[PDB]
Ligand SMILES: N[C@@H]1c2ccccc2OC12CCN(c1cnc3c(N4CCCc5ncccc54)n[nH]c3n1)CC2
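Next comes just one chain, in structure tokens: the form solved without the named molecule.
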């Protein structure tokens, strides 16, 4: 449940709702990549600023978080942490259905039927606004192996109903109740609400038109964000007191089911803030090294047989340490615990530096392997690059290096927290990989890919600017590939 987030509200409106429909301890989150946490305390409303430039959610005077859901979950369980003491006790639920996957609004009866026939299957449903009855809504459900059933949703005195029974405060409450307790037709047909209609999957060749229609991008990104409370998996290992100083940000943690487990350790030696990212080429999404985790990083690269490292941050950004130097200087050899790293040669490009490293275990003669470090240096401090040409050239080289190495392990990708830039780079790579094998005429789904990657590491792809950049990167790759065909013809 992510009902505490109100996507289309103002400051005074948030103050009015908390003072008339809330109590002391009531709270809601709202957008302004700036966000605000409005909390009622001692009969007054306090506004706490949340900033996200692309790395993490930064609550002013508080902690850093991977998701707004994890931020709320933390302060609801840790009282006294939020001080101006500001208590996060009762979420103020939003009735706005615009961020729901099943809500289509603008659709007509003919448009809803045509879309359910072409894209829908058994249990596929949607909620659209009634055309001839303003204020009312229509629930369209597809049942079969087939038929489309329309159920009228009346709006009477701010409450919603299907013509009888219980009256709901919102369309979300109605949909969820008839999801658990399905409606039965007069001839025994069960109106099961199994899954919403997919309207995000597009043909990679027609990306130009979809980018044009979304130029939309905010509404599609917020719909994806509304699905993050379905990915609140266990992060217990990272929360252990022995692993506290192994995390760059104490609340940005790996999932227990995807975390990289370190073996052959010193007699807790199995933890690293990293996750295996498997598209459903593998990836390891991780944070920027800490002074005390450099040895653990090289232990991971060796054990996982990784031959390519993608660094998408500078060592220092805005006077703050984002990643410590875990590699030696050009032509130098350094020992990092049981691991030995040699920097053979450095090759500089306009947007990145390539470092040819040789990793081996100290005291073992035939464990040496080459590890190629691709260090992207031109990514801006805040936001995303204005042109995706540099990132695409960089990711094409990274891909061809990975493919050229026999039995190469997952590609290690990292920035500062290992979720924003790391998430953006991995998602662009996954989406381009589909086009690389199938061609320009293939199905791609940008929010579905991000959601799948987010189930493997919390908060992968942090901002709407990064979300737009992913679309812009795929569009530029399709254009350059189609231009290459025209030049040959």
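Residue numbers count along the first chain shown, from 1.
In this entry, no coordinate-free residues of the deposited sequence separate residue 186 from residue 187.
As listed in the deposited structure, the average C-alpha B-factor of 442 to 450 and of 419 to 427 is greater for 442 to 450. On average the C-alpha atoms of 362 to 370 have higher B-factors than those of the other stretch, with 362 to 370 and 311 to 319 being the two compared. As recorded in the PDB entry, 116 shows the highest C-alpha B-factor of the residues 272, 116, 408, 290. Out of 244, 259, 325, 106, the entry records its largest CA B-factor for 106. Per the PDB record, residue ranking by Cα B-factor puts residue 41 in the highest third of the chain. Residue 31 sits in the middle third of its chain by CA B factor, as recorded in the PDB entry. Among the modelled residues of the chain, residue 132 sits in the highest third by CA temperature factor in this PDB entry.
Compared with the other modelled residues of the chain, the Cα B-factor recorded for residue 178 ranks in the highest third.
Annotation for residue 466: CA B-factor lies in the lowest third of the chain's modelled residues.
Not pictured, yet referred to below: the form solved in complex with the named molecule.
Taking the partner from elsewhere, every residue among 105, 223 and 445 has a non-hydrogen atom within 4.5 angstroms of the named molecule in the bound PDB entry. Partner contacts here mean any heavy atom within 4.5 Å of the named molecule in the bound PDB entry, and among 92 to 100, 330 to 338, 174 to 182, 281 to 289 they occur only in 92 to 100. Listed residues 189, 203, 303, 200 were compared with the named molecule in the bound PDB entry; 200 is the one with a heavy atom within 4.5 Å. Listed residues 166, 219, 136, 113 were compared with the named molecule in the bound PDB entry; 219 is the one with a heavy atom within 4.5 Å.
Under a 4.5 angstroms non-hydrogen atom cutoff, the named molecule in the bound PDB entry has residue 451 among its neighbouring residues.
Contact between residue 227 and the named molecule in the bound PDB entry is found at the 4.5 Å heavy atom cutoff.
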